[PDB]
file final_2.cif (mmCIF, N, CA, C and O atoms)
data_query
loop_
_atom_site.label_atom_id
_atom_site.label_comp_id
_atom_site.auth_asym_id
_atom_site.auth_seq_id
_atom_site.Cartn_x
_atom_site.Cartn_y
_atom_site.Cartn_z
N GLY U 1 4.52 18.83 9.23
CA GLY U 1 4.28 20.26 9.56
C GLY U 1 5.53 21.09 9.39
O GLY U 1 6.53 20.62 8.84
N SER U 2 5.49 22.32 9.88
CA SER U 2 6.62 23.24 9.77
C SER U 2 7.64 23.01 10.88
O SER U 2 8.05 23.95 11.57
N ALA U 3 8.03 21.76 11.06
CA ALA U 3 9.00 21.40 12.08
C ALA U 3 9.83 20.22 11.60
O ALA U 3 9.63 19.08 12.03
N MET U 4 10.76 20.49 10.70
CA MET U 4 11.57 19.45 10.08
C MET U 4 12.74 19.06 10.97
O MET U 4 13.90 19.19 10.58
N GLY U 5 12.44 18.58 12.17
CA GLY U 5 13.48 18.12 13.07
C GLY U 5 13.99 16.76 12.65
O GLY U 5 14.98 16.66 11.94
N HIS U 6 13.31 15.72 13.10
CA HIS U 6 13.62 14.36 12.71
C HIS U 6 12.36 13.52 12.67
O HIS U 6 11.51 13.64 13.56
N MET U 7 12.22 12.69 11.65
CA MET U 7 11.09 11.78 11.57
C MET U 7 11.55 10.37 11.95
O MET U 7 12.22 9.70 11.16
N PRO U 8 11.21 9.91 13.16
CA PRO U 8 11.70 8.65 13.71
C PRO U 8 11.09 7.42 13.05
O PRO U 8 11.54 6.29 13.28
N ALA U 9 10.08 7.63 12.22
CA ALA U 9 9.43 6.52 11.53
C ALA U 9 10.19 6.18 10.26
O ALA U 9 10.19 6.94 9.29
N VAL U 10 10.86 5.04 10.29
CA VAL U 10 11.67 4.61 9.17
C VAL U 10 10.96 3.53 8.36
O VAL U 10 10.63 2.46 8.88
N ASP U 11 10.70 3.82 7.10
CA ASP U 11 10.13 2.85 6.18
C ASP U 11 11.19 2.44 5.17
O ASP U 11 11.70 3.28 4.43
N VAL U 12 11.53 1.17 5.15
CA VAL U 12 12.50 0.66 4.20
C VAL U 12 11.81 -0.26 3.21
O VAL U 12 11.23 -1.27 3.59
N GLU U 13 11.87 0.10 1.94
CA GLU U 13 11.14 -0.63 0.92
C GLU U 13 12.06 -1.58 0.18
O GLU U 13 12.96 -1.15 -0.56
N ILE U 14 11.84 -2.86 0.37
CA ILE U 14 12.64 -3.88 -0.27
C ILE U 14 11.91 -4.39 -1.51
O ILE U 14 10.69 -4.34 -1.58
N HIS U 15 12.66 -4.86 -2.49
CA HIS U 15 12.06 -5.37 -3.71
C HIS U 15 12.47 -6.82 -3.94
O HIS U 15 13.66 -7.15 -3.93
N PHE U 16 11.49 -7.68 -4.12
CA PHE U 16 11.72 -9.10 -4.37
C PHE U 16 11.20 -9.48 -5.74
O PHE U 16 10.04 -9.22 -6.06
N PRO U 17 12.05 -10.08 -6.60
CA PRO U 17 11.60 -10.66 -7.86
C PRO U 17 10.55 -11.75 -7.61
O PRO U 17 10.87 -12.83 -7.13
N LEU U 18 9.31 -11.43 -7.96
CA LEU U 18 8.15 -12.27 -7.67
C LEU U 18 8.37 -13.72 -8.11
O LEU U 18 7.94 -14.65 -7.43
N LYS U 19 9.06 -13.90 -9.23
CA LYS U 19 9.26 -15.23 -9.78
C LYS U 19 10.20 -16.06 -8.91
O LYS U 19 9.99 -17.25 -8.72
N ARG U 20 11.24 -15.42 -8.38
CA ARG U 20 12.28 -16.14 -7.67
C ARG U 20 11.92 -16.33 -6.20
O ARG U 20 12.23 -17.36 -5.61
N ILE U 21 11.25 -15.34 -5.62
CA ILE U 21 10.82 -15.45 -4.23
C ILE U 21 9.77 -16.56 -4.11
O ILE U 21 9.58 -17.14 -3.04
N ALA U 22 9.11 -16.86 -5.22
CA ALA U 22 8.10 -17.90 -5.27
C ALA U 22 8.68 -19.22 -5.76
O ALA U 22 7.97 -20.07 -6.30
N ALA U 23 9.99 -19.39 -5.59
CA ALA U 23 10.67 -20.59 -6.05
C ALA U 23 11.64 -21.10 -5.00
O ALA U 23 11.90 -20.44 -4.00
N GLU U 24 12.17 -22.29 -5.24
CA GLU U 24 13.18 -22.87 -4.38
C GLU U 24 14.54 -22.65 -5.03
O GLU U 24 14.69 -22.84 -6.24
N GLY U 25 15.52 -22.26 -4.24
CA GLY U 25 16.78 -21.81 -4.80
C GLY U 25 16.76 -20.31 -5.00
O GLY U 25 17.45 -19.77 -5.86
N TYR U 26 15.93 -19.64 -4.19
CA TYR U 26 15.75 -18.20 -4.28
C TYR U 26 17.04 -17.45 -3.97
O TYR U 26 17.28 -16.36 -4.49
N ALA U 27 17.89 -18.05 -3.14
CA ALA U 27 19.13 -17.41 -2.72
C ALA U 27 20.14 -17.35 -3.87
O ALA U 27 21.23 -16.79 -3.72
N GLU U 28 19.78 -17.95 -5.00
CA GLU U 28 20.62 -17.88 -6.19
C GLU U 28 20.24 -16.70 -7.07
O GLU U 28 20.93 -16.39 -8.04
N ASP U 29 19.13 -16.05 -6.73
CA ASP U 29 18.70 -14.88 -7.49
C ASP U 29 19.48 -13.66 -7.04
O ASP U 29 19.35 -13.19 -5.90
N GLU U 30 20.26 -13.13 -7.97
CA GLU U 30 21.26 -12.13 -7.66
C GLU U 30 20.59 -10.86 -7.16
O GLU U 30 21.13 -10.17 -6.29
N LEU U 31 19.41 -10.59 -7.69
CA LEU U 31 18.65 -9.43 -7.30
C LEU U 31 18.16 -9.55 -5.88
O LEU U 31 18.25 -8.62 -5.09
N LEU U 32 17.66 -10.73 -5.54
CA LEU U 32 17.07 -10.95 -4.25
C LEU U 32 18.14 -10.79 -3.18
O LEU U 32 17.93 -10.17 -2.13
N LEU U 33 19.32 -11.30 -3.50
CA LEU U 33 20.46 -11.22 -2.62
C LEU U 33 20.99 -9.78 -2.55
O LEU U 33 21.28 -9.29 -1.46
N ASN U 34 21.11 -9.11 -3.69
CA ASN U 34 21.68 -7.76 -3.72
C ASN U 34 20.70 -6.73 -3.17
O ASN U 34 21.12 -5.69 -2.65
N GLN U 35 19.40 -7.01 -3.27
CA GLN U 35 18.39 -6.11 -2.73
C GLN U 35 18.36 -6.20 -1.21
O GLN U 35 18.36 -5.19 -0.50
N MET U 36 18.39 -7.43 -0.71
CA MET U 36 18.43 -7.65 0.72
C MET U 36 19.80 -7.29 1.27
O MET U 36 19.91 -6.87 2.42
N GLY U 37 20.83 -7.44 0.45
CA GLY U 37 22.16 -7.02 0.84
C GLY U 37 22.28 -5.52 0.87
O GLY U 37 23.08 -4.96 1.61
N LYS U 38 21.47 -4.86 0.05
CA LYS U 38 21.39 -3.41 0.03
C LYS U 38 20.82 -2.89 1.34
O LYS U 38 21.28 -1.89 1.88
N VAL U 39 19.80 -3.57 1.85
CA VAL U 39 19.28 -3.26 3.17
C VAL U 39 19.65 -4.37 4.16
O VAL U 39 18.84 -5.22 4.52
N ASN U 40 20.90 -4.37 4.59
CA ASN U 40 21.39 -5.45 5.43
C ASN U 40 22.49 -5.00 6.37
O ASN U 40 22.68 -5.59 7.43
N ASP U 41 23.20 -3.95 6.01
CA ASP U 41 24.34 -3.52 6.80
C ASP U 41 23.92 -2.51 7.86
O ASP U 41 24.49 -2.47 8.95
N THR U 42 22.92 -1.71 7.54
CA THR U 42 22.39 -0.74 8.48
C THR U 42 20.87 -0.61 8.33
O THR U 42 20.35 0.45 7.96
N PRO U 43 20.13 -1.69 8.60
CA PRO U 43 18.68 -1.73 8.44
C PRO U 43 17.92 -1.38 9.71
O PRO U 43 16.73 -1.67 9.83
N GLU U 44 18.63 -0.81 10.68
CA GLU U 44 18.05 -0.34 11.95
C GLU U 44 17.73 -1.51 12.89
O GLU U 44 17.93 -1.39 14.10
N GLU U 45 17.22 -2.62 12.37
CA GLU U 45 16.94 -3.78 13.20
C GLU U 45 18.21 -4.63 13.40
O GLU U 45 19.10 -4.25 14.15
N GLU U 46 18.30 -5.77 12.71
CA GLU U 46 19.48 -6.63 12.82
C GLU U 46 20.39 -6.45 11.62
O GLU U 46 21.27 -5.59 11.61
N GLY U 47 20.17 -7.26 10.59
CA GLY U 47 20.98 -7.20 9.40
C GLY U 47 20.82 -8.45 8.56
O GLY U 47 19.75 -8.70 8.01
N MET U 48 21.88 -9.24 8.49
CA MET U 48 21.85 -10.49 7.75
C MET U 48 20.75 -11.43 8.28
O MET U 48 20.00 -12.01 7.48
N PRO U 49 20.60 -11.58 9.61
CA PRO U 49 19.52 -12.39 10.19
C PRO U 49 18.15 -11.89 9.76
O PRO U 49 17.26 -12.68 9.46
N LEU U 50 17.97 -10.57 9.75
CA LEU U 50 16.70 -10.00 9.33
C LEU U 50 16.39 -10.38 7.89
O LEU U 50 15.26 -10.70 7.57
N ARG U 51 17.41 -10.36 7.04
CA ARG U 51 17.27 -10.82 5.67
C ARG U 51 16.72 -12.24 5.64
O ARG U 51 15.79 -12.54 4.90
N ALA U 52 17.29 -13.10 6.47
CA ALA U 52 16.85 -14.48 6.55
C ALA U 52 15.37 -14.57 6.94
O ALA U 52 14.61 -15.28 6.28
N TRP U 53 14.95 -13.85 7.98
CA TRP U 53 13.56 -13.95 8.44
C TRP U 53 12.62 -13.25 7.46
O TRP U 53 11.53 -13.76 7.18
N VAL U 54 13.03 -12.11 6.95
CA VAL U 54 12.23 -11.35 6.00
C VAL U 54 11.97 -12.17 4.74
O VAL U 54 10.83 -12.31 4.31
N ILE U 55 13.04 -12.71 4.16
CA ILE U 55 12.92 -13.55 2.98
C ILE U 55 12.01 -14.74 3.24
O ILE U 55 11.16 -15.06 2.42
N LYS U 56 12.16 -15.39 4.40
CA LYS U 56 11.30 -16.52 4.76
C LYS U 56 9.84 -16.09 4.89
O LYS U 56 8.95 -16.70 4.29
N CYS U 57 9.61 -15.03 5.65
CA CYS U 57 8.26 -14.54 5.88
C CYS U 57 7.60 -14.10 4.57
O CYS U 57 6.45 -14.46 4.30
N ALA U 58 8.33 -13.35 3.76
CA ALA U 58 7.82 -12.89 2.47
C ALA U 58 7.57 -14.07 1.53
O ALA U 58 6.59 -14.08 0.79
N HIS U 59 8.46 -15.05 1.58
CA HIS U 59 8.34 -16.26 0.78
C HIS U 59 7.01 -16.95 1.08
O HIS U 59 6.22 -17.23 0.18
N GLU U 60 6.77 -17.19 2.36
CA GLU U 60 5.56 -17.86 2.79
C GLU U 60 4.33 -16.98 2.59
O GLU U 60 3.28 -17.46 2.17
N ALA U 61 4.48 -15.69 2.86
CA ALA U 61 3.38 -14.74 2.69
C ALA U 61 2.90 -14.72 1.24
O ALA U 61 1.70 -14.69 0.98
N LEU U 62 3.83 -14.76 0.31
CA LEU U 62 3.49 -14.75 -1.10
C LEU U 62 2.86 -16.08 -1.51
O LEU U 62 1.85 -16.11 -2.19
N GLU U 63 3.46 -17.18 -1.07
CA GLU U 63 3.02 -18.51 -1.49
C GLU U 63 1.64 -18.87 -0.96
O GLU U 63 0.89 -19.59 -1.62
N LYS U 64 1.29 -18.39 0.23
CA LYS U 64 0.01 -18.74 0.83
C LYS U 64 -1.13 -17.92 0.25
O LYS U 64 -2.29 -18.32 0.29
N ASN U 65 -0.79 -16.76 -0.31
CA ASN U 65 -1.76 -15.94 -1.02
C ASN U 65 -1.10 -15.32 -2.26
O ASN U 65 -0.89 -14.11 -2.34
N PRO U 66 -0.79 -16.17 -3.26
CA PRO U 66 0.04 -15.79 -4.42
C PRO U 66 -0.72 -14.97 -5.46
O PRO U 66 -0.69 -15.28 -6.66
N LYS U 67 -1.39 -13.93 -5.00
CA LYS U 67 -2.14 -13.03 -5.87
C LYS U 67 -2.00 -11.61 -5.36
O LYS U 67 -2.88 -10.77 -5.54
N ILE U 68 -0.88 -11.34 -4.70
CA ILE U 68 -0.63 -10.03 -4.11
C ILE U 68 0.47 -9.29 -4.86
O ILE U 68 0.95 -9.74 -5.90
N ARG U 69 0.87 -8.17 -4.30
CA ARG U 69 1.82 -7.27 -4.94
C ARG U 69 2.93 -6.87 -3.98
O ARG U 69 4.09 -6.77 -4.37
N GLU U 70 2.57 -6.63 -2.73
CA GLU U 70 3.53 -6.17 -1.74
C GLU U 70 2.97 -6.33 -0.33
O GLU U 70 1.76 -6.39 -0.14
N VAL U 71 3.87 -6.42 0.64
CA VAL U 71 3.48 -6.57 2.04
C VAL U 71 4.30 -5.64 2.91
O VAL U 71 5.39 -5.21 2.53
N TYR U 72 3.77 -5.31 4.07
CA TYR U 72 4.50 -4.49 5.02
C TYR U 72 4.88 -5.34 6.23
O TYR U 72 4.02 -5.93 6.88
N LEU U 73 6.16 -5.41 6.51
CA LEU U 73 6.68 -6.28 7.54
C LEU U 73 7.11 -5.51 8.77
O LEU U 73 7.76 -4.47 8.69
N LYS U 74 6.75 -6.06 9.92
CA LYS U 74 7.15 -5.51 11.20
C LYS U 74 8.30 -6.33 11.77
O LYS U 74 8.14 -7.53 12.00
N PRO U 75 9.47 -5.71 11.95
CA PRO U 75 10.64 -6.33 12.57
C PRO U 75 10.29 -7.22 13.76
O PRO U 75 9.48 -6.84 14.62
N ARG U 76 10.90 -8.40 13.80
CA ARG U 76 10.70 -9.33 14.90
C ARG U 76 11.19 -8.70 16.19
O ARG U 76 10.75 -9.06 17.28
N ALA U 77 12.13 -7.78 16.06
CA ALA U 77 12.51 -6.92 17.16
C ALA U 77 11.51 -5.77 17.23
O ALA U 77 11.84 -4.62 16.95
N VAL U 78 10.28 -6.11 17.60
CA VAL U 78 9.18 -5.15 17.64
C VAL U 78 9.50 -3.97 18.55
O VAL U 78 8.96 -2.87 18.39
N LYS U 79 10.41 -4.19 19.49
CA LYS U 79 10.86 -3.16 20.42
C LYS U 79 11.51 -2.00 19.68
O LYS U 79 11.55 -0.88 20.18
N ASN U 80 12.01 -2.28 18.48
CA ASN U 80 12.64 -1.27 17.63
C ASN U 80 11.60 -0.23 17.19
O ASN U 80 11.95 0.86 16.74
N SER U 81 10.33 -0.61 17.30
CA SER U 81 9.17 0.29 17.18
C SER U 81 9.04 0.95 15.80
O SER U 81 8.51 0.34 14.87
N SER U 82 9.53 2.18 15.66
CA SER U 82 9.24 3.01 14.50
C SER U 82 10.05 2.62 13.27
O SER U 82 10.73 3.44 12.65
N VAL U 83 9.98 1.35 12.92
CA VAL U 83 10.67 0.82 11.76
C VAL U 83 9.80 -0.22 11.06
O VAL U 83 9.19 -1.07 11.72
N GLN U 84 9.71 -0.14 9.74
CA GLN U 84 8.95 -1.12 8.97
C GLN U 84 9.68 -1.49 7.69
O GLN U 84 10.36 -0.65 7.09
N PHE U 85 9.55 -2.74 7.29
CA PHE U 85 10.10 -3.18 6.02
C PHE U 85 8.97 -3.40 5.02
O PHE U 85 8.11 -4.25 5.22
N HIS U 86 8.98 -2.63 3.96
CA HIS U 86 7.95 -2.73 2.95
C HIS U 86 8.45 -3.59 1.81
O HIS U 86 9.23 -3.14 0.97
N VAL U 87 8.00 -4.83 1.76
CA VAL U 87 8.48 -5.78 0.77
C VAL U 87 7.59 -5.74 -0.46
O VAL U 87 6.41 -6.11 -0.40
N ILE U 88 8.15 -5.26 -1.55
CA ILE U 88 7.43 -5.13 -2.80
C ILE U 88 7.84 -6.23 -3.76
O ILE U 88 9.02 -6.58 -3.85
N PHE U 89 6.87 -6.78 -4.47
CA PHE U 89 7.13 -7.89 -5.36
C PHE U 89 7.18 -7.42 -6.81
O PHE U 89 6.15 -7.09 -7.40
N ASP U 90 8.38 -7.38 -7.36
CA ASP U 90 8.59 -6.93 -8.73
C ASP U 90 8.52 -8.10 -9.69
O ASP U 90 9.08 -9.17 -9.43
N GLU U 91 7.83 -7.91 -10.80
CA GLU U 91 7.77 -8.92 -11.83
C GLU U 91 8.92 -8.71 -12.81
O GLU U 91 8.94 -7.72 -13.54
N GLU U 92 9.85 -9.64 -12.81
CA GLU U 92 11.05 -9.54 -13.61
C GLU U 92 11.09 -10.66 -14.64
O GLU U 92 10.80 -11.80 -14.25
#

call {"tool": "encode", "arguments": {"input": "final_2.cif", "output": "structure tokens"}}
result
Amino acid sequence: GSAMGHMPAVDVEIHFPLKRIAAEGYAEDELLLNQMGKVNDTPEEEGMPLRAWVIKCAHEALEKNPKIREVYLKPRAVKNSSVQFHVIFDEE
């Protein structure tokens, strides 16, 4: 509306190379690391640990239903409330 104060709802969209996130040795994919490293220093929730859980959750989420495109993740620190990680799977 006509009240541009502050929007407390933070959506952070991460991108995972579909091929590497669906593989073992994913941490060797420079993109996966640099993308999660891009959202790691000030991601509102934790940081490096969040990368670990996000990558794990997205890894399993993709593998258990490997016909998707993207998922929306809710921080394990659910108390953080108005924050979401939108994990998108890029075909590289």

call {"tool": "closest_residue", "arguments": {"input": "final_2.cif", "among": "U:68, U:9, U:3, U:52", "to": "residue U:81", "atoms": "all atoms listed in the file"}}
result
U:9

call {"tool": "residues_around", "arguments": {"input": "final_2.cif", "residues": "residue U:8", "least_positions_apart": "5", "cutoff": "12 Å", "atoms": "only C-alpha atoms", "output": "MDAnalysis selection string"}}
result
chainID U and resid 44 80:84

call {"tool": "atom_distance", "arguments": {"input": "final_2.cif", "atom1": "atom CA of residue U:48", "atom2": "atom C of residue U:30"}}
result
15.0 Å

call {"tool": "residues_around", "arguments": {"input": "final_2.cif", "residues": "residue U:75", "least_positions_apart": "2", "cutoff": "7 Å", "atoms": "only C-alpha atoms", "output": "list in words"}}
result
residues 45, 73, 77, 78 and 84 of chain U

call {"tool": "write_last_selection", "arguments": {"input": "final_2.cif", "atoms": "N, CA, C and O atoms", "output": "compact mmCIF listing (two decimals), in the frame of the given file"}}
result
# COMPACT_ATOMS: atom_id res chain seq x y z
N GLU U 45 17.22 -2.62 12.37
CA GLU U 45 16.94 -3.78 13.20
C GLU U 45 18.21 -4.63 13.40
O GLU U 45 19.10 -4.25 14.15
N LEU U 73 6.16 -5.41 6.51
CA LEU U 73 6.68 -6.28 7.54
C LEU U 73 7.11 -5.51 8.77
O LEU U 73 7.76 -4.47 8.69
N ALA U 77 12.13 -7.78 16.06
CA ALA U 77 12.51 -6.92 17.16
C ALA U 77 11.51 -5.77 17.23
O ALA U 77 11.84 -4.62 16.95
N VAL U 78 10.28 -6.11 17.60
CA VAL U 78 9.18 -5.15 17.64
C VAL U 78 9.50 -3.97 18.55
O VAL U 78 8.96 -2.87 18.39
N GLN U 84 9.71 -0.14 9.74
CA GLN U 84 8.95 -1.12 8.97
C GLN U 84 9.68 -1.49 7.69
O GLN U 84 10.36 -0.65 7.09

call {"tool": "residues_around", "arguments": {"input": "final_2.cif", "residues": "residue U:69", "least_positions_apart": "3", "cutoff": "5 Å", "atoms": "all atoms listed in the file", "output": "list in words"}}
result
residues 87, 88 and 89 of chain U

call {"tool": "write_last_selection", "arguments": {"input": "final_2.cif", "atoms": "N, CA, C and O atoms", "output": "short mmCIF file (atom, residue, chain, number, x, y, z; two decimals), in the frame of the given file"}}
result
data_model
loop_
_atom_site.label_atom_id
_atom_site.label_comp_id
_atom_site.auth_asym_id
_atom_site.auth_seq_id
_atom_site.Cartn_x
_atom_site.Cartn_y
_atom_site.Cartn_z
N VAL U 87 8.00 -4.83 1.76
CA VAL U 87 8.48 -5.78 0.77
C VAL U 87 7.59 -5.74 -0.46
O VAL U 87 6.41 -6.11 -0.40
N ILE U 88 8.15 -5.26 -1.55
CA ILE U 88 7.43 -5.13 -2.80
C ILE U 88 7.84 -6.23 -3.76
O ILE U 88 9.02 -6.58 -3.85
N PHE U 89 6.87 -6.78 -4.47
CA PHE U 89 7.13 -7.89 -5.36
C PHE U 89 7.18 -7.42 -6.81
O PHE U 89 6.15 -7.09 -7.40
#

call {"tool": "closest_residue", "arguments": {"input": "final_2.cif", "among": "U:85, U:29, U:20, U:64", "to": "residue U:51", "atoms": "only C-alpha atoms"}}
result
U:85

call {"tool": "residues_around", "arguments": {"input": "final_2.cif", "residues": "residue U:27", "least_positions_apart": "2", "cutoff": "12 Å", "atoms": "only C-alpha atoms", "output": "short mmCIF file (atom, residue, chain, number, x, y, z; two decimals) with N, CA, C and O atoms, keeping the file's coordinate frame"}}
result
data_model
loop_
_atom_site.label_atom_id
_atom_site.label_comp_id
_atom_site.auth_asym_id
_atom_site.auth_seq_id
_atom_site.Cartn_x
_atom_site.Cartn_y
_atom_site.Cartn_z
N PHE U 16 11.49 -7.68 -4.12
CA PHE U 16 11.72 -9.10 -4.37
C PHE U 16 11.20 -9.48 -5.74
O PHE U 16 10.04 -9.22 -6.06
N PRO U 17 12.05 -10.08 -6.60
CA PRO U 17 11.60 -10.66 -7.86
C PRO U 17 10.55 -11.75 -7.61
O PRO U 17 10.87 -12.83 -7.13
N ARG U 20 11.24 -15.42 -8.38
CA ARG U 20 12.28 -16.14 -7.67
C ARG U 20 11.92 -16.33 -6.20
O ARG U 20 12.23 -17.36 -5.61
N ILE U 21 11.25 -15.34 -5.62
CA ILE U 21 10.82 -15.45 -4.23
C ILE U 21 9.77 -16.56 -4.11
O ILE U 21 9.58 -17.14 -3.04
N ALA U 22 9.11 -16.86 -5.22
CA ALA U 22 8.10 -17.90 -5.27
C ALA U 22 8.68 -19.22 -5.76
O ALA U 22 7.97 -20.07 -6.30
N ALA U 23 9.99 -19.39 -5.59
CA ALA U 23 10.67 -20.59 -6.05
C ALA U 23 11.64 -21.10 -5.00
O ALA U 23 11.90 -20.44 -4.00
N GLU U 24 12.17 -22.29 -5.24
CA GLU U 24 13.18 -22.87 -4.38
C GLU U 24 14.54 -22.65 -5.03
O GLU U 24 14.69 -22.84 -6.24
N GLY U 25 15.52 -22.26 -4.24
CA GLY U 25 16.78 -21.81 -4.80
C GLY U 25 16.76 -20.31 -5.00
O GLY U 25 17.45 -19.77 -5.86
N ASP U 29 19.13 -16.05 -6.73
CA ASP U 29 18.70 -14.88 -7.49
C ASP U 29 19.48 -13.66 -7.04
O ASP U 29 19.35 -13.19 -5.90
N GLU U 30 20.26 -13.13 -7.97
CA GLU U 30 21.26 -12.13 -7.66
C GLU U 30 20.59 -10.86 -7.16
O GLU U 30 21.13 -10.17 -6.29
N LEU U 31 19.41 -10.59 -7.69
CA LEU U 31 18.65 -9.43 -7.30
C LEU U 31 18.16 -9.55 -5.88
O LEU U 31 18.25 -8.62 -5.09
N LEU U 32 17.66 -10.73 -5.54
CA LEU U 32 17.07 -10.95 -4.25
C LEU U 32 18.14 -10.79 -3.18
O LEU U 32 17.93 -10.17 -2.13
N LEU U 33 19.32 -11.30 -3.50
CA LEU U 33 20.46 -11.22 -2.62
C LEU U 33 20.99 -9.78 -2.55
O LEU U 33 21.28 -9.29 -1.46
N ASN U 34 21.11 -9.11 -3.69
CA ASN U 34 21.68 -7.76 -3.72
C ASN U 34 20.70 -6.73 -3.17
O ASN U 34 21.12 -5.69 -2.65
N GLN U 35 19.40 -7.01 -3.27
CA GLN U 35 18.39 -6.11 -2.73
C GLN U 35 18.36 -6.20 -1.21
O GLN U 35 18.36 -5.19 -0.50
N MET U 36 18.39 -7.43 -0.71
CA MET U 36 18.43 -7.65 0.72
C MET U 36 19.80 -7.29 1.27
O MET U 36 19.91 -6.87 2.42
N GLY U 37 20.83 -7.44 0.45
CA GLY U 37 22.16 -7.02 0.84
C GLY U 37 22.28 -5.52 0.87
O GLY U 37 23.08 -4.96 1.61
N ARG U 51 17.41 -10.36 7.04
CA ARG U 51 17.27 -10.82 5.67
C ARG U 51 16.72 -12.24 5.64
O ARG U 51 15.79 -12.54 4.90
N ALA U 52 17.29 -13.10 6.47
CA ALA U 52 16.85 -14.48 6.55
C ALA U 52 15.37 -14.57 6.94
O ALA U 52 14.61 -15.28 6.28
N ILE U 55 13.04 -12.71 4.16
CA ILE U 55 12.92 -13.55 2.98
C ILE U 55 12.01 -14.74 3.24
O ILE U 55 11.16 -15.06 2.42
N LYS U 56 12.16 -15.39 4.40
CA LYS U 56 11.30 -16.52 4.76
C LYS U 56 9.84 -16.09 4.89
O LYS U 56 8.95 -16.70 4.29
N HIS U 59 8.46 -15.05 1.58
CA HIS U 59 8.34 -16.26 0.78
C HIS U 59 7.01 -16.95 1.08
O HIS U 59 6.22 -17.23 0.18
#

call {"tool": "axis_aligned_box", "arguments": {"input": "final_2.cif", "around": "stretch 42-61 of chain U", "padding_each_side": "3 Å", "output": "AutoDock Vina command-line options"}}
result
--center_x 12.3 --center_y -8.7 --center_z 7.2 --size_x 27.2 --size_y 24.3 --size_z 20.0

call {"tool": "select_by_dssp", "arguments": {"input": "final_2.cif", "residues": "chain U", "states": "strand (DSSP E)", "output": "PyMOL selection string"}}
result
chain U and resi 10-17+70-73+83-90

call {"tool": "select_by_dssp", "arguments": {"input": "final_2.cif", "residues": "chain U", "states": "helix (DSSP H, G or I)", "output": "MDAnalysis selection string"}}
result
chainID U and resid 18:21 26:28 30:38 48:64 78:80

call {"tool": "resolve_selection", "arguments": {"input": "final_2.cif", "expression": "the PyMOL selection byres ((chain U and resi 12) around 5)", "output": "count of residues only"}}
result
7

call {"tool": "atom_distance", "arguments": {"input": "final_2.cif", "atom1": "atom N of residue U:90", "atom2": "atom CA of residue U:42"}}
result
22.2 Å

call {"tool": "atom_distance", "arguments": {"input": "final_2.cif", "atom1": "atom CA of residue U:43", "atom2": "atom CA of residue U:92"}}
result
24.6 Å
